[PDB]
Amino acid sequence: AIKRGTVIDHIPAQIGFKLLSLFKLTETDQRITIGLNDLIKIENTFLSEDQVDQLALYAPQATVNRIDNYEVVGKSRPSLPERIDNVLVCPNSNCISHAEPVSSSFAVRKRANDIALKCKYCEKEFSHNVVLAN
Amino acid sequence: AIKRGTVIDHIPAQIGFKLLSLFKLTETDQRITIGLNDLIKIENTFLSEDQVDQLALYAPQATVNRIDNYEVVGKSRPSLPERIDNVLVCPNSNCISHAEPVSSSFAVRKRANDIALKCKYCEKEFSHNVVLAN
Amino acid sequence: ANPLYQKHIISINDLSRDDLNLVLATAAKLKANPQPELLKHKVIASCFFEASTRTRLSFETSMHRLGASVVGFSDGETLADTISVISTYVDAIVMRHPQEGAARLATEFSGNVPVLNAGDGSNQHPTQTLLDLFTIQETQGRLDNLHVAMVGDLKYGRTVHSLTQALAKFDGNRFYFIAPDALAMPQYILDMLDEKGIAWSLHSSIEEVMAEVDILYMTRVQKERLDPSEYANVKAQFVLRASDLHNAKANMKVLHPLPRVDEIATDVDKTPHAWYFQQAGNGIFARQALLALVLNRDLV
Amino acid sequence: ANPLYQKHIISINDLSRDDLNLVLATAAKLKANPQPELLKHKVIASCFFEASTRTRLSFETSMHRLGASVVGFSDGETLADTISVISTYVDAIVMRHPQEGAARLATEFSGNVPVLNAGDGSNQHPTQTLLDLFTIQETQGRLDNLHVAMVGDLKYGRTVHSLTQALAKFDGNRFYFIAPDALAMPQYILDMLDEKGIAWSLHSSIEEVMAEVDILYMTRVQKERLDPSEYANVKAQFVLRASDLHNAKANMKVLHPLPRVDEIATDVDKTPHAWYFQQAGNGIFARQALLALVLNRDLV
Amino acid sequence: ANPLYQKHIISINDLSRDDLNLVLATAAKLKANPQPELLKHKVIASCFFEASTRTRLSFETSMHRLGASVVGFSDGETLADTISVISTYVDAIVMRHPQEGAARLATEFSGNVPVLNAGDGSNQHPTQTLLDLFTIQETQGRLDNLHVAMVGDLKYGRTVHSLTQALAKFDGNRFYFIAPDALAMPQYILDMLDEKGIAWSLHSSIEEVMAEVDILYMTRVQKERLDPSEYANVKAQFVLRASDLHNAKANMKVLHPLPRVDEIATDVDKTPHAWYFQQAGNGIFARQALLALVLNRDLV
Amino acid sequence: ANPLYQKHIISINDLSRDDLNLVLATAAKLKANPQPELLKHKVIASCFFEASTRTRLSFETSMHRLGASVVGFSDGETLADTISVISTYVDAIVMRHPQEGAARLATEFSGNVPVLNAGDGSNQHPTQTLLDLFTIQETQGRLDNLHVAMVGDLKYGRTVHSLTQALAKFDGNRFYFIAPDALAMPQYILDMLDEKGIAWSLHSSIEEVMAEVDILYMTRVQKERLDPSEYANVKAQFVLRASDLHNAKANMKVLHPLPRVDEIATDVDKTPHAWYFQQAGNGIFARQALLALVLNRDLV
Ligand SMILES: [Zn+2]
Ligand SMILES: [Zn+2]
């Protein structure tokens, strides 16, 4: 469909809109095609695999193709990053991060049934089920 | 493109994503096609002209077609509603609406260069430029 | 059932002209012939989330003068939940709150239990306007074709905003606004008077208009609102002494929602024009009338 | 004279099964047919040594609904001397106090004047248990052979300790305890249930047992009790949303002694299962029944 | 001895143009070459009758950077007696007080001990103006022929009143005043500028004049000063974001006496125009210069 | 420059084993040969956003023992802005704050100015662990192959969490945990010890292990953490008297971060095992060592 750019496919239901909001992908000025029930198409923008990895917590089974000159010049997939910044909120109500001009930041640790997310500031560790719930 | 449903066209730049978030249109389960740089396509859902009127403050010059059996069975456009609920936030920091399980609600009053929005609770009136700024 | 039976009393702007006259007529009838058992077996909640001893004593005396029982408090849980609970207890809720719109919110969780706004932040205080109107009607014989002067902090005095809007529902009234430029009557009030063709004018001192005035409504000029020195240089424009009343009309009354600090000197108290304490006593009958109309089907 | 005439009401553990049914029957009768003059000419002291606006408004409304007069206070001299003095004034003492055993001590200095415990520290709060029992009986039609789930801070919730012990005086009840390991039901309660052959079980989430539950009793989980971060990692186990009720029995009721913070989301309020505000309204009749039985010889 | 040796520093209005340049030259010299032992064996009293942690830390750091010892307090006896006692202890008094004129009064009881005004109510705060002047001179290379915009609460900002009067002692400066009508620059300041033939103009928003501005002086607009809703309708006129600086001169600096709430968005902090934290750091050298000139005969 | 020159000291978890030995060696050298002028002409900010007199006096004495000047405060504006300002004043920031992570946030706005964490909520307090380690090394001659018992509130004692993790960086240590079940050592600590093959065991009383213990680390068991009656039934398990030390090793030391209430009876004070006051005195040298290493290029 699109000329040069990037595509994100096989996003679970009720996650494509989340990816658009949480990663501010519609804060560009060139074309974007989106289909829900989800898939997202952008033209002419870099996506480091750091940024594709940031989709792992939300759309783990998904793919990203770097497209140039109408051609598939790559097909990368997300795998768990070491750090997740900006998008998560620390569930510790006494954490300094809440009232202050800083970016949230969590260390990522895979577990048996869980992802362990450790806040950079309060140094408390939480389940990813707890962090993504509020 | 779509079978039966509704379409919203000629949305200003940087407003289609706003309409999706503010009116929770992607909280359905049937098809949605979106193009940015904006236009939005939904299948099989009512849209009262109350709800189309709620797009006036954001996408004043736009249209809405009720589509059934692949046919254009209407073409309504938004004009300013009397009331705007749920989506706006009262700029009065001492308003009771802020900490409480109630829906925001404002009366709408057209002015020379302005929309006057009067909160249902605190009964204070503000410019629409002030309300939409925070 | 009377037109105000089981109605919420939240804002003066919600009260039609017929509503105003209904309250005022009931207040006059209860003053002439008290009904100390009209509200026997009723329990009323006196909810002063924001403390106001002067307002509470007046409201609670009104409840007792009609025979009702009173539970209440002065000064976490959402206001919605508090009303959800209290409205299972009582027959009516009288509430004062620091947040604007709190009384309106209470009506959406009180079920069948009526809510009477005793003051919600800087928004509404309907029974103060009603007792002001009742006092003007009682002393002047009418609410139309009056010359009303209003002095002091007109910018932040929500009490004069409400009284102006209420008096604007009657015909032929003429207003005089005497305020410092930093505390002038807001433009939205002046616009409202222009839309209705109501005459008004600004004056820098009371002596300009003293000879024509039927009602002199004095207000609190809190020192907060200006500098302590900004106050002193303008305050003479807006303080009243007995010698200022030398050419006043025989029927003129000085009103003040109280408390006064020094905007009204004590030598005014003994003149026949002083009516702020009588005005305060009229709050009993205006608040009685509201409780009677809201909680009793048939008129007094 | 009825079995509770002129008796002190200090602890649920002092109330026999016949006592419980007597209070509950009187509460139902006063709800169906109010007696607004039953306690006319009685004066009751509302002594809140520890302030509790929500408890006091409920108790004082109960007094007024029976026609009694109320004197009292909220917030040196020994408690014994205070009771020695007040018991010469009034016909009954309703008291809330920060120290455990304060109500029991008051009975030893009040003479013939009955004492009603409105809460003594972390010990007893009998009228909360009585209104809980009355609400369960009213919604379920009985107090026996029920499936009762209790969620939250079971370790420090003296409210569930008392309700468990009261419900254990009726037959065939089955309990579900859903609490974090740090706030589990204390062993002395589990021992009591074992001695009586009463079935109980632990569950880490409400969804395990939702299908069988007749009463879902939610409790306050104050953030004090754990770390602020310890809270967040366990709190999902013990918060209720409307979607959690998809397979609930038609007759199930959600109860909560209040106030709630966020253990019950507001979207539960509109479901037919939400009954915590009706539960609070039932405190009027349970507390009326206590005052009526204690101060009036003949049954209602 | 330098012209300011053993002089009191009470009001900017007492400082001649030569005085201003003397302080600013000394501040630059102490910044370039610190003298950490200049005031060894001096003891200075840091008397904050009105607490101000941000002012005190700056002043006390200045004292220590010159090697002086510091005794003091933050928060009955007359102020005259307090100074009569303390001036027997110390070599200089730095004082902040809630009453206007307190520093001037102290000079009449301190004997030979100099008094430095760290703020006396709504009157004077000379070292804030001196650090502002020093920052403008450092970033612009001069204090004459500048375009200075001042934004926010100009009516009650005694900080802009003082800076305007100080800058009016230099030639060719042009001023832009951006304030809401209720918080406009007072007329006595405008009169002063007219008497000296100094050009000034009013503007309702910063974008009108952004292209010409050398110094953008932002001020605190406390919510106290207006209604909470009056605030919101005008506040956009007087808040600064990074996108507002798109056509700013390369040399322009944004100043703010601090603390900021939201008049300056945090995205301004990273632009080369943000200079309010550098401005705060310059208070050390302006206050060092004052202590050095007052307590040391020979110039730095 | 030494490995810690101009480094922030935020968390013990950030300190390598070489870092720990560097601090401890410097502390021993400064104790043996004080350097009262090492930090002359340095100005250090003592920022106690959360007051702690016992911590502040120790830190400020350390600063003065090295010759540094001290400005500070005990007890709106964002913390980021406060640090943005203060870091233009001083050469280092020592800060205690009620919010977790506050010291880490300060490092992102302090520029080149190092931040030393004196306690950030329930997170980190590195100098308490460092003085504990220094005291253990001084009395036992090493930090490896020790038998360390830790008694009291192990669940909420962040002081024992940090000391355990620090001691786990040395070999052959064996731990004894003596705590009530409600205040046990958290599982994440036990997991950490298991991953490293470090031996540990639980014990319900100190007498089980007294004969083998090299260090007995007693902690505060605040009454907040349990019921007032829950306290009394378990508190004997975790209180120390002199008679408990009858079979203690000659080299054993009793440690306590202080203040003690009654977990250590006063008759322990006179035994050679009592070392909590010597431990407190060692905080001077551990905090001196940190300031010396951070602010001085060359090692002591
Ligand atoms: Zn955190
Ligand atoms: Zn509002």
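Using the numbering of Swiss-Prot, the residues shown for chain B are 11-47, 57-153, in order.
Cβ coordinates are placed from backbone N, Cα and C, and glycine is handled just like the others.
Quick look at what Swiss-Prot annotates:
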{"type": "BINDING", "residues": "B:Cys109, B:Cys114, B:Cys138, B:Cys141", "note": "Zn(2+) binding site"}
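Where Swiss-Prot records a feature, it is marked here on the structure.
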| residue | record | DSSP class |
| --- | --- | --- |
| B:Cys109 | Zn(2+) binding site | coil |
| B:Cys114 | Zn(2+) binding site | strand |
| B:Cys138 | Zn(2+) binding site | strand |
Q) Out of the binding-site residues B:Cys109, B:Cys138, B:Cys141, which are near chain E, with a C-beta less than 8 A away from one of its C-betas? A) B:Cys141
Q.
Excluding near sequence neighbours, so keeping only residues 6 or more apart in the same chain, what lies with its CB under 8 A of B:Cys141 (Zn(2+) binding site)?
A. B:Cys109, B:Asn111, B:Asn113, B:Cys114, B:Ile115, B:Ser116
Q) Using a Cβ-Cβ cut-off under 8 angstroms and a sequence gap of six or more, which residues of the chain neighbour B:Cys138 (Zn(2+) binding site)? A) B:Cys109, B:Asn111, B:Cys114, B:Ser116, B:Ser123, B:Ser124, B:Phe125, B:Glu144, B:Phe145
**Q.** CB contacts for B:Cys114 (Zn(2+) binding site) [other CB atoms within 10 A, all chains]
**A.** 28
